[PDB]
Every structure is written in C-alpha cells, then in structure tokens.
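Protein chains in written order, with the entry's author numbering: chain 1, 386 to 643; chain A, 1 to 258; chain C, 1 to 254; chain 3, 9 to 335; chain 2, 14 to 353; chain 4, 164 to 322; chain 5, 4 to 120, 133 to 353.
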DNA sequence: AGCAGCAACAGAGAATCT
Ligand SMILES: Nc1ncnc2c1ncn2[C@@H]1O[C@H](COP(=O)(O)OP(=O)(O)OP(O)(O)=S)[C@@H](O)[C@H]1O
Ligand SMILES: Nc1ncnc2c1ncn2[C@@H]1O[C@H](COP(=O)(O)OP(=O)(O)OP(O)(O)=S)[C@@H](O)[C@H]1O
Ligand SMILES: Nc1ncnc2c1ncn2[C@@H]1O[C@H](COP(=O)(O)OP(=O)(O)O)[C@@H](O)[C@H]1O
Ligand SMILES: [Mg+2]
Ligand SMILES: [Mg+2]
C-alpha cells in the first residue's frame, strides 16, 4: 500500500477524475465539490481525454432516467467542445479556459450517489482512427487501381460511392454460391465476367499459405475488400466459407486464362 | 560474368561520386566492350550515363554480359575503402544476387572484400543522345564549377545563352541578378584552359541550379567539360575518361522544369 | 556616384568578413576622400566602423557622395566570387536602388557582375570616438585572438585589467577560472611582435565574450591590434589597413 | 519629404505636447521623467489612441534627437522569442550606452503577441536589471500578458479620444492644410470615429481628395457620408420609422430604396439602428432581450455572407416581433 | 508583343477579356476611384483596405491603379502581390514582406518619368486577406507603420471582420458597393454591344437581378446566353426566360407548386414533393431566396406570419451557408413554414 | 498564500514612515483595494502615486490607477435589471477604452470564480459568455455581441 | 455493367436533351470557354458529360488516360502521396483523398501545370465539396491569374459548401436526375444487349422507383438482381438493397421500438460499425432521418421535431470533426422526442 | 493540421600537421 507520497506530489489520474465527475457525495456542499472538481480538471491540462472518458462512461452509469433527455442536452455540449477543439488549431489558445467547463456538465447532469463503483475504461477511438486510416488507405489504393485500368470508371467514382455502393455489390458477386447453378455454361460465363471485374479493380487472388500443417491454405483477395465491406461478424463467417470454394474456382479460371 | 580490375580504386570512387546524391538507383551492365551504367533521378529530369572501355582496366574479362542494379547510397558507403591507391576488382556471376568489391594492397596484406546486395531493376537503357546539337562548347571544368557556384546563390534557375562567339550564364532572383560572360579563346601556353564554341544556332535554355550543382562533380574526372545544347532535347554535359566518359543529360526547364 | 576599384577583391572580402555575423545592416557612404561604413548590432553594444582612403584603391572617382544601406548577409553571400586575385569594382549612381559589384580577371575572359538590392536606412553616423582613453595598448592580433579564444571557454565575460606595465585578461565561470597576463616589451628582432602599453590611469572593464569573439576577426586585416579603454566610453579595438582602418567599439558590461 | 507620407504618418506627434486626449497619463509621465523616478510602464489601450506616439515622443524628450540609437525598440514585426530575449534584451540591459551616459529604454511595442516562455524569461530580466534600464510594454489586450509580467509594470490606460481633443487635432490639420470643414460635418466625423485618430485622418485625406476642386469650397456632411459610405441619421431614422410604423411591404420597399440609392451596407444600418434604439425608453426587458439577441445573430450571419435581401427582411421581422411585445 | 496580348485577350473569356485596365473603366465604384485618381497627381497614397461583396472589382481597381501609377514597365518591379495561393504565415510575413518593404524603390527609366507619375514608393498588395491568421496580420503592423515612406500596403478582403482591428484602423477602409441593375446596366450594355449580343428589352437588367450585386456572374451569364444564341443561329434575340433557365432559377410554376404544397398539405405530401423536387438539380440557396421574395413581396399574408417566415428563412440560409445537406434543410424549412 | 489587509497596510505604513510621505486613511484603503493581496503591485502603485501627485489620497489613486477591472465586471454581471448592466458596460468599460476581448475574458473569469448564484445558472452564464467569445475571436467583436450576451444571461436568470 | 455501356461523346447521350444541346453550344467555341461547375444529384451522369464535352473540345484521345503519382512535402518531410489522372489534353485531381492538406496540393500542382503552359489544358476537380475553405481560397486567385492556360471543370453534388467567390468565378451547370422513363429505356437497351430475360417490362420501371433518379445505382442493382435470378428476371424479382441501407433500416426499427439508454448503447455500437467501414456520417444521418420519417407509427408532431433535430445535428456535423459525437446526440434527441 | 522552440545529427569547410 504505497500512495502517501502520491497524494503528496502527484495529481489525479484522468480516469480517477472521470469516476469522480459521476460521483456525488451526500455529506458535502455541491458547490464545494464543483469547485474542487474544476480545480482538478484545470490542473490536469488534459480536458479532452477527461471528456472522452466521460463520453465512454455515461451510457454505463446509473442516472435517474425520465426519457434519456440528459443525453440530448450533453450532445449539444459535446458538439460545443468539438467546435472549440477545432478552433484551438486555428486561433491562439485563449479558448482553452472554457474546455474545463464541458466535463463539469457531466457532474451536474449525471452525478449520482448510486455511482460508488469505479468503471474501468479504454480507448476505442484510437483503434477506430487506426482502423479508419487502414480502411481509407485500402480504398485509396483501390481508387488508384481503377484510375490506372478503368479510364472512364475513375471519373464517376467518388470515395463515398465506392465504399457504400460499388464494393458491397462487388463482394456480393464474388461471395455468391456458384454450387446452386446446375447449368455449366452459365457458371462459366459468370466466372469469365467475374474474372473481368477482378481485372478491372486489380484484385489479386493470393494463396495465403500461412497455415500451420492444416492442409487448406485459404485464398484471400488483395487488397482485402472484406475488411471494408463486412461490418457484421455473423456475415463474416458465412461469407468466408462460401468464398473459399469460389476463390479456388476463380483462381483455376485465372490460371487457365494465363 | 563480371571481372573488372581497376588499377586504382580511386577512379571508380570518383565515377560513383558523380552519380552520388543526384540518383538513388543505378543499373550497370558489363559486356565484351566494357561497362556501361545508367541512373535516372525520381523526377526524370536527369540521366547519368557512364561508359568505361576495356582499356581503362588493368584486367577485364567478359564472356557473358551481366546486368545488375543497385542502390547508389549502399555503393558509396562501401566506396571509401579503396585507399585510392588500392587495387579494386568488381566481380559477379552470370545470375548474381550480389556484387563483390575486392580491394587489395600490392602485398598480400590487407584484403577488404564486400558483398553488396543487388536490386532488381527493369532493364531499359535510354538512348537519348542527339546527332547534332544547336551549340557545343568546352571549357575547364573548374571554371564551369565556379560559374555554377556563383549563380546558384541568386536563383534556383540558371540560364545559358549562346550567340556567335558568346556564352552567357545568368541568374536572377530575390537579392538581385548576376551573369558570367565568357568568350572563346585558344591558349597555346596550355590549351587545357582554352574555351571552344561551335554554334550552329543561337540557344537560350534555363536549368534548375540544384541539378547543375549535381553535375559539376564531374570536374574531378576530367580537366575539361563538354556542354551540348539543343532546343529539341536534354542538354548534355560530358566528362571524358581515359577510354570512356561520364555524361549528364539534363532536361531544360519548360518554365518550371529543372 | 560610386566608382571604387580594388586591386584585389580579397581586401574587400576580408573587410566584410569583419562585419559578418555580428551585424545585419551596414550603411556605406562614398565621398571625395574615400569610403566609410558603419554598422550597429541589435542590442547596440557594438559598432563596426570602416574607413578606406582614396589611396587604398587602384581607381577611385567621386564627384558626388552616395550613401547606401544593405543587408550584410546578402553582401557576403556575393563576396566569395573575388577569386581573391580578381579585380573588384563597386559601382552606383547618385540615387541608387542597387549596388553593382564587378569582378573581372586580368584578361577579358570572365566577368562576374552582381546587382545587389539596397535597403533604406536613416543616415545617422555615430562619432563616439574619444580624444583620450585611460589606457592604450597594441599587440599582435593573432596573440589577441588566442587570448580571447582561451578565456571564452570559461565564461561569457572576459575582464581586461590594466595597471602600470601589466595587462591582464581574466575569465571565471562554472568549470573554474583562467587568466592571461602579458607584459610590455620591444622586440627588435621584429617589432611587429612587440607589446606596447601607455597607461594614464589603471582600467578594469568587463566585456561579453561573444562580442570579443566577433572582434578578433580583424586579425586577417592587420598584424597588430590597437585596444583603447576608458571607464567613460565604449572600448575601441582597431585594425589598420593601408590607408584606412576597421574599428570595433564595444560597450563594457555594466 | 513629409508631403509624401499619408496623413496618419505625416501628422505623427513628435513631442509630448502634440499628444491630445491623454492628459492624466501624459502629465504623470512628464513628472516621472522630470523628477527622475520613471518606473516600468505598461501602456494598455485600443488601437489609434496614441501609445506608440506617446512613448516615441517620451524617448525623444529623454534622449534627444539621437533616440533611434539609445533605445531598443522591439515589436511583433521582429522575431521576439525566448532566445531573442536571452541574447538581445539581456545584452542590452547588462551593458551601457555607446552614445551618452544614462539609463536605457526598451520599448516592447505590441508585446501582446509574445510567447508565454518569452514573458516568463523577461519577467526576471525586468526585476534583475532595474538600475540601468527600463521597460515599456504596449498592449491592446491585457489578457495575453502573464499576471507576473503584468504586476511588475505601472499600468496606464489610454482612454479613447474625447470630443475636445479630436476637434483640436482636426483644427490643427485644417490649419496645416488648405481645407475648410463644416461644423455639422465635423460633428458627423467625430461620430464615426469612436476615438480613433487614424480613421479621422484617413477619411479627412479621402474627403479632401473627393472635393475635386482647388479647395475653395467647404467639406459638408454629404462629402463625408458619400466618401466613408456611412448612412446618414436622416435615412437611418426614416428606415427605423418605416419599420416600426409602416406596412411590411412598404418597410421592405423603403429599406431597399435606402440601401440601393446610396449603396449603403446592411451592417452599417444594423449598427446605426442598434445605436438609435439604445436611447429608447422601453417596457419589460423581454423586447430588449429579443431585439439584442436577434440583431447579434443577424450581424454574426452577415459577418460570414449570405443573401442581403433575406438578412434585411430578417432585421425587419426581428425588430417588428421584438416591438410587438411592447403593448 | 502588344498584338499577341490583343489576340490572347480576344481568345479569353469575357470575365478576363473585359477586365478594367484603367480607373475610368470602373462603372459603379466611383467614390474610391475618385480618391485614387486624385492621389495619382499627388504622392500621398495611404495604406488601403478594400472590402465588399465578391465580384465588385477590388482586384481590378487596384490593378488599374497600379498600372496608371507605374506603367507597364515598372508594373513588374515595384509591386509585391501576395494571394491566398501562397504561404502567408508569420515566417513569410517576417522575412519576405519585411525584406521587400525595407528595400529601396527601383530606379525608373527615362521613358517612365515622361508619361507616368512614378511615385517614390512601391505597393505591396495582399489579396484574399481573410485567410491570413491574426498573428501574421499583427506582424504586419509595425512593418507597414515604419516603412510607409518607401512602401504602401493594400489589403483586399470580402469580410472586413476577418481582419484585426489595428490593421483595419491603420488602413483607409474602402467599401465596394454591390453592382445591381442601376449602377451596372451601363457596363452590361457596353459589354453586350461590344460583343453584338442581340437581346430583348429587359434581359440585361434581369441578368444583374439574378447576379444580386455581382458583375462577374452577370458577365458570365451574358457570355453563356450569347453562346447559346449563336449556336442556334436563328437570328432572334435572347429572352429573359432563356437567361433565367441557365442561371439556376426555379421556374415560376414550380415555385407556385411549392407554395400550394406548403399552404395545403400534410407532412407526408410535403416530404414526397420535396423528394421529387430534389431529383431535379436546383440550388437550395436560390430556392430559399425565391421563396423569401415571394413571401415578403406578396401582400396576402399577416404581419405575424411575415415575421416568422423572415426568421425561418434567415435561419435556413444561415444553416445552408455552412455546407449542410440541401435536402434536409429545405425539407425542414418547408415543414416549419407549413406549420404556420 | 495571499497577504491579508493588515500585513500590506503595516508594510505600507513602514515604507511611508521610512520615506516621509503625506497620506490619508482612504488613500491607503484604495491602494490596498487595488492591490488585491499583491505587495509588489501595492508598493509600485504607492510609489507611482507619490511621484505623480505627492499626496496619497483615494481620489489620486483612483485617477492614476483605475479601479480593479474584475470588480466592475462582477457588478455588471450581478445587475438585477438589464438597463443597469447596459449602462455599466457602456460607461465604465466601453467608454473608457476597454477592449471587448478583455471584457469577455474578464467576464469568464468573474463567472467561473462566482459564488453568489448556483452552479447550473453559473454554467449557463459561462456557456453564453463562450459564444460571445467565439464570435469575438472570429473578428465579430463589437458592443452588440456583449449586449446580446448580457441579455441571454439575464434571460437565463429570468427563470 | 455500368462501365461497359457508357456514352463517350455528346451525340451518345440519351437523356436531358436540353443539357446536351447546352453542352454542344458551350463546346461550339472551345477557346473562349470559362470555368465550369457541374452540380446536381449524385449518380446523374455529370462525370460522363464532362468527359463527353472534353471529347468535343479535343480529340477522341481524351479517354486514353494514365495514372501517375506525385509527392509533396508539408512542413514535415511527410511526403503527402497523391495519384493523378492525366491525359494528353486534360488532367484530373481529387483533393478528397487526404485531410487538411488540400491547399498545398491544389496550389502547387495547379501552379506547376499553369507555368508549363487546343491551347489550354483542362483540369477536372472531382468532389469539390471536400475542398476545405482554405484550399478554395487558394484556388480563388489561381482561377483568375491563369485563365489562358488552365480551365477548371469542377464536379460536385451540392454547391452548399462551395464558397461564393468560386461560384462566381465559374459558370454553373445543373444536371437534373433523369426521369424514370429514361432510366427504363436505358435499362431496356442494357438488358437487350446483355441478353436478360424479362417476363414483364414494368419491373424496369420499379428499378427506377427504387433508385430515386440514380442511374449508377439503377444499373448496378439491375445487374446484381440479374445474378440472383440467373440472367432471367421474373415478375416478382426481389429488390437488391445495399447492406448499409438494411443496417440503417434495422437501426430505425430499433429506434421506434425501444427508446432507452440501453438501446442507445447498441445504437452507438451500430453507428461505430457503420462508420468503421468507409461510410460517411452525413449520408448515414440523411438516410436515417429519411427512413425514420417513413415510420407510419409516428405523427406530424414527431416528424417535425425529427427533421428539426436532423437539420440542427447536420449543421453540427458540418461544423465538427468527431462525427459520432453528433450522430449519437441526434439519436438521443430523437429518442427523447418519441 | 500554425509555430515554436527545440535539440540532435549530419555535412561541409577550414585549419593544422605530417
Ligand atoms: N492622442 C493623439 N494625438 C494626436 N494624434 C494622435 C493621437 N493618437 C493617435 N494619433 C494619430 O494616430 C497615429 C497612430 O498613432 P499610434 O500611437 O501609432 O496608435 P497606437 O495608440 O499605438 O495604437 P496601435 O499602434 O494600433 S496598438 C499617430 O501617428 C497620429 O497621427
Ligand atoms: N466595377 C466593375 N466594372 C467593370 N467590370 C467589373 C467591375 N467589377 C467587376 N468587374 C468584372 O468582374 C471581373 C472580376 O473582378 P474582380 O476584381 O476579381 O472581382 P472581385 O471584387 O475581386 O471578387 P473577388 O476576387 O471574389 S473578392 C473583372 O475582371 C471584370 O470583368
Ligand atoms: N447519356 C447517358 N446515357 C445512358 N447512360 C448514361 C448516360 N450518361 C451516363 N450514363 C450512365 O448512368 C450512370 C450515371 O452514374 P455516374 O456515371 O456515376 O454519374 P456521374 O457521371 O455524375 O458520376 C452510369 O451508369 C453511367 O454510365
Ligand atoms: Mg503601436
Ligand atoms: Mg479579388
């Protein structure tokens, strides 16, 4: 148990301040608690991380609920914080003094005596930002591939239209169950059109042979469209099993054409 | 195979000093009549082209041409072991993954041997040299270096203008303007200081000073520099070697083109 | 108009080397008896003052004084084309927007000509030199440079103390203290190595080492350096030229 | 020659007797300098009040005509960092004068744009070197200065120029130039100044240029209003009356014809109507709340562009709905 | 030389082809050009700050002034033009602008002083000063205050509020007025006659009416109408309907349908009609402006309704001026005005 | 910690005794009031008043060293009627040359450090003082924006 | 497929005859051509019409284009990497492929292309709505200084984020979405060329009624449902809807079914899963609001508040950068309304 | 999504020694 020297010279972990922002002590004046919390938020200088902590915690916190309006009032503050944070890169940081007020709105609105347990937290945003960057880089690479092959397609394809319209249909076409098609000629014609589509988008079939002793090196599409299109974890498993048989047939047809 | 022994490692070191900095990748090719090498910078405004005949070597054997590409930086990093007076032998098999540089002192004593990793570069040697250029001139290379070093300070562009019996270098920028005017002349007291000029048509071209600065390095290989200019093609700056030459082809600025 | 031709571009290059770094703007003025130039640093503790008489030139013509201000950095950038042995001619009309530097080799061959943009500076030449200084001393400039280079390492302040027949330079800082003591002496084996001292009153002044370091550059213009100190004014360090001089006036640390 | 400088630069005060408007601070500074005790000064005030002119004339009176050499004047145009402080300001404060004997002066003009580290390094330079040099900090906003630096200097607030001093300066300019000015024109000129001598001098030069004559005539209100593009009180009150009493379509037509006959701007009309309605003795403050809120919203929207007709109709509707609560 | 310039101007769009070259070509901004012409004979040009709506002629006015001042020879040596396409941070303002201001004026030639006044100062203009950060703007304060003897500063902007108060006080404020039909009909008719634009009686005045104080957009619309009338080759005159068709103006009948759907109709019918109307590409700003004109001009609605319609249109325009979705804003506006 | 009134008064009395200065009780009270626990600022204001007028009186101290900026702002925000706050802002702050940025920023500080009113109304007043700040930082800083901010604060206080 | 059957000239266009005639009029004299801005609904065919107009201004080689790469250095040595679509007569830039570094690429690339130069080289700025205000301000003067060598053809879907100076500096051309009849006629030619089997023609009309004027979406959906019916469309072939539209519909069902914080958590999770898969938040908000208004359980009082909150939070999202921070707020406000 | 202030590392130039 070592903490005395910490109370002596160290501040309040931003996590401890977030858990304190959702706690009300019934034995102290609400105004004194508010000024103590304001001083702790100001001394920390990291108002953004405290607010992101408050944003991740508030849905799991117990708060006397009438119609979940409290959340509607806080979306307007959070929007005010985002405007203020954008303006900090444009203007000399005079606006930084108001950044400590937004976390204190959580204490006013959601602070309750019921919140005795510390809720642990994480950083979904850094993971979402890195994932959004990776997905944007994949999409930027597909858009470059279209620009090099499809001379006209590139003029009609916006980044948003590519993500929401073109890629989901392209993936649905590749993942379609060819085993239901009894007509061999029609199966061959569809496979020739799909090989032409894979060529127009420059989608390479790579045999991932990274399988420890298990006799099925899964075929993967490069770039992996699957990571951009497949939002639903249930659909990922169904699509992976169907694709494995289709991709082997498509690879054999690409090799035949080569 | 590649088997070329330079009497003095110094010659090869100065040659590579010429490719140095201005290019990253160099493609060498040895053959029955010698060694050639070409390197193009990323913006594609400068081509460095080398030719070393069989007679420039103390020993040269080639029964089967070999083409090899490499990173210039890696090569120069290794090119300071020649003691200048050391003997240097370039060695490679017919299907190399590396190039061996072997430096040896006269006596059996110190043998420094390197095995440099090669890069795969699509063989595509350019043959952009012209039959006739609008104007041709040669002058001491140290003089050309001074002319370039003067003007460089004033602008990122140095203009070369040629009229009958007149060569004029000009730079004009922020702090002001400068010019160096030279006239053809035969010095019998030693003709290596003469300034020759053959003009079939007046020329007036602009080059990016950063590139001319890269080019002046050739002074260390030859006393004189030949400059061939045309309004139809990249300019040629040439530094002769005993059996060979180092050439720099530089595209004139269109208005903004190095 | 301005029309001054230096026999060797080298002399002008060394003179400008003296203003170099320690000042940004220089105000030149050519006239019937020569050229003068003054530059003051931003903190106003150092004044660099030049005088080149008509005889220092190979050719000088002036029928109408011209004052011109310029950025020294721009000037030095251009001042490495002299080949040292090249001939240098400074040229300007009576109401100039630029100053022309013309370097030419003996033969008609190569002619490097520059047109430097001028700056407008309120003409206000200072005349802070004193009639008499408390003490005066001269010694080889290379010796003075070494003395300054020694002590500089120890502190940002170097003290100069003068008493009868004694000159003492001292620095004292973090790692310790240092001192260089020199005594007046006449060397007939070659008097350019002698150390003269005329003291009317003992002096003891402190200067910022960074400034003394700027000043030592004058060694390249003269074999000896004259140092004049007073408790009433900036110290004067002077480097004589053939017909002229480069002077550095430095205010003592309060 | 001084005949080529603009009127704002040509008529810059060179002595402390030419700085009008500021009397309580000018006399105190003169006494400080005559008696000898000149502390570290902090001239805080709006632009165009005469802080730079005051400190320049003060340094001139202190050091003479050689002011440009015995004073270290730094501003936002020059690089003012922590290293710049450490080297230049400390070397200036620690050393002495090269031209005469006396204390030094460091004029940190527009020091509200300095870095916090620079002020933290300078606050100990002001406290250490205080027997041989002084510090003068000029500021328009006192919030950009650290409290430590703000507490080491004596603060002087430059009030906006009053009517008497600005009229005295106008009379001085009319004496220096072959120009005549109407009394009502002079009053209108003082009205559109807000205590800013720069604006007065600029528009005076501009209306002298507008005269088109060899200056045998006078400058009336029409010249000033047509040159500065400012609305007249007559058209202002006419638009306000048509908005308050007349019909919606008639009010729209009146506003359109007023803003299109003289090319007036909607923002100037907004500010004028705000200034006029400030004297209106009104009922329960709800009307004032609605009026101020809607007018400020419309002004902030105009500050970013949009449809001028839509914004004019918005102003009309806002004023009307605000006054509908007064019944 | 000059003939190449004439041909390049003749093969240039009408916006650049008819750019004012002299201070007399300015048709409506007379108050500013009068002072600019008077100071042309004197030598006391002050620091200026042009501000106003876009397309009023600020850049053209300053270019014509600099030309009439310096001549086509000194036009390229005594001018420092900095636009928004260049870097204008604190570093640039401190180094480049200050070095150009501290430099001396270039010597005029013998042919310059014989035809042009050749003032003893140079001009540094900063176009689109709205993008300049306030610290880089405050850095210009003493730069323009101390070197005023050798250089003069001309700021150009659209929103005068984006420039700090000290800079706005140091410069003389010149407000450029909107170019409506009244003060620009002469220039529009001159442009039409110089290009043989055969139109009807009320076309040009209508064009500026669509321009809403913007001569550049009016000249562009006139050029488009002339091209569309020359392609047909019928030899007839341009009509106001043909002009308002290519100007993005919603036809009167389509607007009357919107008024009927707003007056009579529920949320579902209004939403369906808005979804159908958004299929045909129309700018929401133009629809809001036309609805505002119709509602405020029509003498058939109560004043209490008029205050609310004006405030709602103001809010809708303020929201649309921020890059929002036109469909959502238009639907919200129509729904809010339907509840009235 | 801050220096209480007694300590600064004792130090100023010692300095006056050591310097033989003519003073009065109200003048020293005004000096200590304008000092706000700042001994250095107190001694500086005392010396400035002495060298500017000779007699340390409340009138001289107030005419040379304007009253504390935050106190007038607090009295403006704590006004009960809109017209009183508007007149205070016009005469005390705007007619004396105080910039809008200083007014709004001083305003924010006063509110944050306010204790007369509750927490929620203080947060709403701080929110309103913020929009006016954003508009003034965008260059829309005028008297109308501060008037609208005061009107919104009063509307919040209007239940 | 959309790309296999696309017009390459002005005479190959099959809808908006008045727009084709206006384009022919504008391309009659190509040298005295001002800058152009094509605006209208997304999927109308403005990017095809701009290339068709270039095919009239220049030779047929305008479609033979190549993709190159260009590197840029900001303050950091970070080498902003941008690919360029270039042609021997024009070039295409899409500043929507990066963050706040649009101004650098715009100014530098356009100045290089303008300094190097029928007689001019056309420039196609794709998705001009993503251009930041600073990049638009930088392009403002570049549009006017170099008007004899560089002509801009900016393709956008809404002139709302485009500043007024840029709007004035170029002609504005509106591209209205094609009528359902023209879409049906195009789908007819496509299915007769692709050899599809239609039991009844009216299904094509329904495709138009499911596309809302979008031809790009119409042809893609027709081809997607032609693969499910095995190249033979019947009388009751199901309509193939994208996955994100189904997710948004399920989200609205969850919204109208349950209004609580526990459901707000899973709503935030769904929003995160949608945003992480390259789906813009403005389109998410638009579709969510439009499909929430379609809920017949709500009344006019609920729908008015919903559309007001959607407009407010659309302004918030256009003024903010953390899109989920506004999306969750809008969802919470809708939950509080219902 | 500036700047700045920084500090550290690398390259070039000058001086000294062999
Ligand atoms: N009190 C005054 N008396 C006479 N002229 C004045 C006065 N105040 C300002 N002026 C005029 O306005 C010009 C500018 O004055 P400045 O001192 O530079 O303004 P300022 O008070 O320093 O405000 P800034 O520089 O924007 S922070 C002077 O050159 C005078 O022409
Ligand atoms: N007053 C005018 N008289 C004649 N032509 C004008 C006038 N104003 C604008 N124009 C025309 O519009 C073109 C554009 O002029 P500009 O000066 O660039 O407009 P602007 O005020 O700069 O708008 P910006 O740059 O968006 S703020 C000119 O080349 C003229 O063809
Ligand atoms: N004139 C035309 N006739 C038939 N189909 C067309 C025509 N113009 C475009 N299309 C097709 O209609 C769809 C329009 O979507 P898209 O091309 O993305 O639009 P945009 O050109 O605006 O980007 C595409 O399938 C396109 O090939
Ligand atoms: Mg000032
Ligand atoms: Mg402009």
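For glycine and all other residues, C-beta sits at the position ideal for the given N, C-alpha and C.
Roughly how many angstroms separate the alpha carbons of residue i and residue j, rounded to a whole number?
i, j, result
"residue 115 (chain A)", "residue 99 (chain A)", "6 Å"
"residue 119 (chain A)", "residue 59 (chain A)", "26 Å"
"residue 273 (chain 3)", "residue 267 (chain 3)", "7 Å"
"residue 321 (chain 3)", "residue 132 (chain 2)", "47 Å"
"residue 160 (chain 2)", "residue 228 (chain 2)", "36 Å"
Should residue i be labelled buried (16 or more other beta-carbon atoms within 10 Å of its own) or exposed?
i, result
"residue 268 (chain 5)", "exposed"
"residue 387 (chain 1)", "exposed"
"residue 266 (chain 4)", "buried"
"residue 242 (chain A)", "exposed"
Are the beta-carbon atoms of residue i and residue j separated by less than 7 Å?
i, j, result
"residue 47 (chain 5)", "residue 223 (chain 5)", "no"
"residue 329 (chain 3)", "residue 320 (chain 2)", "yes"
"residue 196 (chain 3)", "residue 232 (chain 3)", "yes"
"residue 144 (chain 2)", "residue 97 (chain 2)", "yes"
"residue 160 (chain 3)", "residue 134 (chain 3)", "yes"
Among the options, whose alpha-carbon lies nearest the alpha-carbon of residue i?
i, options, result
"residue 179 (chain 2)", "287 (chain 3), 56 (chain 3), 117 (chain 3)", "56 (chain 3)"
"residue 504 (chain 1)", "442 (chain 1), 631 (chain 1), 630 (chain 1), 553 (chain 1)", "442 (chain 1)"
"residue 400 (chain 1)", "577 (chain 1), 488 (chain 1), 479 (chain 1)", "488 (chain 1)"
"residue 25 (chain 3)", "42 (chain 3), 50 (chain 3), 66 (chain 3)", "66 (chain 3)"
*Scan the segment 94-171 of chain 3 and note each continuous alpha helix (DSSP H) run of 4 residues or more that stays entirely inside, going in chain order.*
98-102, 124-136, 155-159
*With a floor of 3 residues, list each beta strand (DSSP E) that falls wholly inside the segment 40-107 of chain C, ordered by position along the chain.*
46-53, 66-71, 87-92, 98-104
*Segments of 4+ residues assigned as alpha helix (DSSP H) that fall wholly inside the segment 275-320 of chain 4*: 282-298, 306-320
*asked:* Restricting to runs no shorter than 4 residues, where is the alpha helix (DSSP H) found entirely within the segment 32-98 of chain 2?
replied: 43-54, 71-87
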